[PDB]
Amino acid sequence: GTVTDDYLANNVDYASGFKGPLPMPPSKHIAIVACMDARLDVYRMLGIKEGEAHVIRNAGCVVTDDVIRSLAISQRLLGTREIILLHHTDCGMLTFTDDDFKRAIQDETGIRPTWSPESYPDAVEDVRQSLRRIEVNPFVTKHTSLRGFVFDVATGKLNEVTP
């Protein structure tokens, strides 16, 4: 069997004790943007319960156009008004560079991706940068709170970053 079979079996247990359905709009009107990193259980990290929060995740917790899209939909159609950005210490994007990453891919495949791999060398700096990307975007404006943090993978603590 595979891990997917394993996780599917776990879903049976989850299903048996499931309470639902809940309304679609986030009850706590908040959106989290975070990293796909395996060590971030975003829900337990923030004490989130089902139905409270949108959670968006990608490699590097990068504010791409997909995140902008997802946030726009979140705010305009589902009434979220707060945004938490999560980066973290020891994160994957610190270990590599775009130019090297695309070069390796072109070696194997013969082509370079059209998209940017969006690596960055410093978590704290990039939270600031990430905050600036949301601030300057004309479609994500319905928030009354926008704050960014670095999750410490060694201690579990969230440390705020000043824009």
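In this text, residue numbers run from 1 along the sequence as written.
When 67 to 75 is weighed against 86 to 94, 86 to 94 comes out higher, by mean CA B-factor as recorded in the entry.
Relative to its counterpart among 145 to 153 and 19 to 27, 19 to 27 has the higher mean temperature factor, C-alpha atoms as listed in the PDB entry. Based on the entry's C-alpha B-factors, the most elevated value among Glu118, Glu135, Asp37, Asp100 belongs to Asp100.
Of the residues listed, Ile56, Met45, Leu131, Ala59, the entry assigns the biggest Cα temperature factor to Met45.
Per-chain ranking of the deposited C-alpha B factor places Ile111 in the highest third.
Ranked against the other modelled residues of its chain, the C-alpha B-factor of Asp126 as given in the entry falls in the lowest third.
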